[PDB]
Amino acid sequence: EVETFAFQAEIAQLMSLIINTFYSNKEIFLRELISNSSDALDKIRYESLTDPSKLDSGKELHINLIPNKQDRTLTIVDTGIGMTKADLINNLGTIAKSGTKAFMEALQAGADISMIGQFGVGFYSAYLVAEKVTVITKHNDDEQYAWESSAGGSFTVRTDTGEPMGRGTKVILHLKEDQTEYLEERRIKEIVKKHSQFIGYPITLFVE
Ligand SMILES: CCC[C@H]1Cc2c(C)c3c(n2-c2cc(Cl)c(C(N)=O)cc2O1)CC(C)(C)CC3=O
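Just so we're aligned, residue -14 is where the sequence shown starts under the working numbering, counting upward by one.
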């Protein structure tokens, strides 16, 4: 079964701003997704200290960047804490609402789109380069889910029947036709070096 949900008004407004505002510095989407992966990895690592059984779903703490020119996708994989069904549907959208209001107020005041991460809504910067975003996630206390949205005010959540992940999150970016530069090895390496050189987890850039 595929469940369809409406984004809260502020999130739909945020997504429309990201998709419609003329802003050439699109490359910042990668640092935002890597930062979310790094934060998710910090969470599981901290949780594992009081409960070692939380790493029974995988001991390796890493980030993989997987470009696919045939499917026109850039996948960001992490072995972080993952997200529950409640996180995908309600929890994160609720925390994102306040961050969204503050960000849109800052943009009106003179701030730029690159500052999105300071408002904890950096995940939505994925819509700078992607026409559709698929999020495959597995949290220790829940099942594997697939979240998906092409914006337009709605998202879907379904139980994932694909390849089991153990634990973590896969962000599949279905790139816009004119954003294929983010599938190029040299381009991804340049972006990682410029904005994510001090991330405390190994970042492996897969090759085609
Ligand atoms: C609590 C701060 C971190 C948030 C930030 C965040 C927000 C805010 C939202 C999402 N994320 C988010 C994304 C990813 Cl891909 C990861 C990860 N790699 O584990 C962790 C995330 O949680 C994804 C969403 C639930 C589909 C929509 C949303 O509003």
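Every residue gets a Cβ at the ideal spot worked out from N, C-alpha and C, and that includes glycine.
(request) With a 10 Å radius around its C-beta and 16 neighbouring C-beta atoms as the bar for buried, classify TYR167 as buried or exposed. (result) buried
(request) Please name the residue in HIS124, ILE98, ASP126 whose C-alpha comes closest to that of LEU113. (result) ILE98
(request) Identify the continuous alpha helix (DSSP H) that holds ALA(-9) and give its terminal residues. (result) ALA(-9) -> not in any alpha helix (DSSP H); beta strand (DSSP E) instead, spanning -13 to -9.
(message) Give me the residue from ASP126, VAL120, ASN125 with the minimum Cα distance to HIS159.
(response) Looking at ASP126, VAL120, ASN125, the one whose alpha-carbon comes closest to that of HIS159 is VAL120.
(request) Consult DSSP for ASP97 and reduce its assignment to one of helix, strand or coil. (result) coil
(message) Taking the beta carbon of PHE191 as the centre, do at least 16 other beta carbons fall within 10 Å, making it buried, or is it exposed?
(response) exposed
(message) On the criterion of 16 or more Cβ atoms from any shown chain inside 10 Å, does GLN129 qualify as buried, or is it exposed?
(response) buried
(request) On a CA-only basis, which of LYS28, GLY84, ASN21 is nearest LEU(-1)? Give me that one, please. (result) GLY84
(message) Less than 7 Å between C-beta atoms, sequence neighbours within five positions excluded: which residues of the same chain meet that for residue 194?
(response) Because residue 194 is not part of the residues shown, which for the chain are -14 to 193, the question remains open.
(message) DSSP three-state label for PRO52, please.
(response) strand
(request) Return no unless some Cβ of chain D is closer than 7 Å to the Cβ of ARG57. (result) In the structure shown, chain D does not exist; there is a single protein chain.
(message) What I want to know is whether the C-beta of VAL114 ends up closer than 6 Å to one or more non-hydrogen atoms of ligand 3.
(response) Judged by which ligands are present, ligand 3 is missing from the structure shown, whose ligands are ligand 1.
(message) Considering Cα atoms alone, identify which of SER42, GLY137, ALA94 is closest to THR154.
(response) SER42
(message) Measuring straight from C-alpha to C-alpha, what distance separates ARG16 and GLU(-12)?
(response) So the alpha carbons of these two residues sit roughly 30 Å apart.
(message) Nearer than 6 Å: is that true of the beta carbon of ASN5 relative to any heavy atom of ligand 1?
(response) no
(request) Compare the Cα-Cα distances from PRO149 to each of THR141, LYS123, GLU193 and report the closest residue. (result) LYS123
(message) Here's the rule I'm using: 16 or more other beta-carbon atoms within 10 Å means buried, otherwise exposed. How should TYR8 be labelled?
(response) Answer is exposed; the Cβ neighbour count stays below 16.
(message) Could you compute how far the alpha carbon of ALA(-3) sits from the alpha carbon of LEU59?
(response) 23 Å
(request) For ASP63, name the three-state secondary structure that DSSP assigns. (result) strand
(message) Any heavy atom of ligand 1 inside 6 Å of the beta-carbon of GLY78?
(response) yes
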